[PDB]
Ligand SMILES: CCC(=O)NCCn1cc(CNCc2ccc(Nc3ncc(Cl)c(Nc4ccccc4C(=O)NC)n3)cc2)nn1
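Just one chain is shown here, as structure tokens, and it is the form solved without this ligand.
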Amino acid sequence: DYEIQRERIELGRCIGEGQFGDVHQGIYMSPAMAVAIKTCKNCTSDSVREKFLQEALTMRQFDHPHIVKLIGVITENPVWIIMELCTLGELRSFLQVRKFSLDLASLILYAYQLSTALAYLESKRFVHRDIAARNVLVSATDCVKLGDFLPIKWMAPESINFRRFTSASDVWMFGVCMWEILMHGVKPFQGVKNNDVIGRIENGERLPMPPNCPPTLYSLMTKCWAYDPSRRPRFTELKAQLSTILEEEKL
């Protein structure tokens, strides 16, 4: 039963917005848990409420430690969706702010954790289409999660050229996200016109080996960027390889 009594939610400050309304942080109490509360300004309009609540119907289909969880809904007006809160916010910003305090083991851990979430999505034949550090959230310094699911500089060539999004294009995007993480939130193709990106890819330019990147991690990234999608790994392999690489760095 996902219905929550409104009296168990204390609305806190506005932390963001979505298409339907402001997003707040708050507390979920019982006879206390920090949560995110998505609101729907015009939820008295039946068609708007329906579309808003579809986001909750979607998220409850996923159950994974590195995907943001649906906690519940309040379906009386004002209609709210209660989600897990990732208290440290967007990963890209976190990496930029904390770059001189984050060790390599932490960066590899984030990549590993994301690969577990993406292997889970792959197991459901769900294509994400928008894997990038700005779409990852930080739950704790040792925990990142995927939440709330054109980004040309992240896209596979077949996505740019033909609008094709597949499990293999997600792997390309994950490769770019891994690069972002190892570079502490530096944007891929910084300073490059979006229109010039596909030209670089088709000339075999790839993002460079980040400082301190283990050799086997960078060749893994390189495989994610194989031009032919059939030559890219799947997430089961990525997860296994990242686990080994993480263990190597911790020891």
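Numbers follow the displayed sequence, beginning with 1. Superpose the two forms; the largest set of C-alphas matching within 1.5 Å is the rigid core.
Omitted from view is the form solved in complex with this ligand, to which the following refers.
- With a 4.5 Å cutoff on heavy atoms, residue 158 does not count as touching this ligand in the deposited bound form; it lies far away.
- None of the heavy atoms of residue 220 is located within 4.5 Å of this ligand in the deposited bound form.
- In the deposited bound form, none of the heavy atoms of residue 240 sits within 4.5 Å of a heavy atom of this ligand.
- Among residues of the shown chain, residue 111 is not one whose heavy atoms approach this ligand to within 4.5 Å in the deposited bound form.
- Remark: all three candidate residues (36, 89 and 135) come within 4.5 Å of this ligand in the deposited bound form, counting heavy atoms only.
- Contact with this ligand in the deposited bound form, judged as any non-hydrogen atom within 4.5 angstroms, is confined among 117-125, 170-178, 79-87, 102-110 to 79-87.
- Residue in contact with this ligand in the deposited bound form (any heavy atom within 4.5 Å), chosen from 224, 56, 68, 43: 68.
- After superposing the rigid core, the Cα of residue 167 is displaced by less than 2 Å between this form and the one not shown.
- Remark: with the core as the superposition reference, the CA shift of residue 110 between this form and the one not shown stays below 2 Å.
- Relative to the superposed core, residue 44 undergoes a Cα shift of 2 Å or more between this form and the one not shown.
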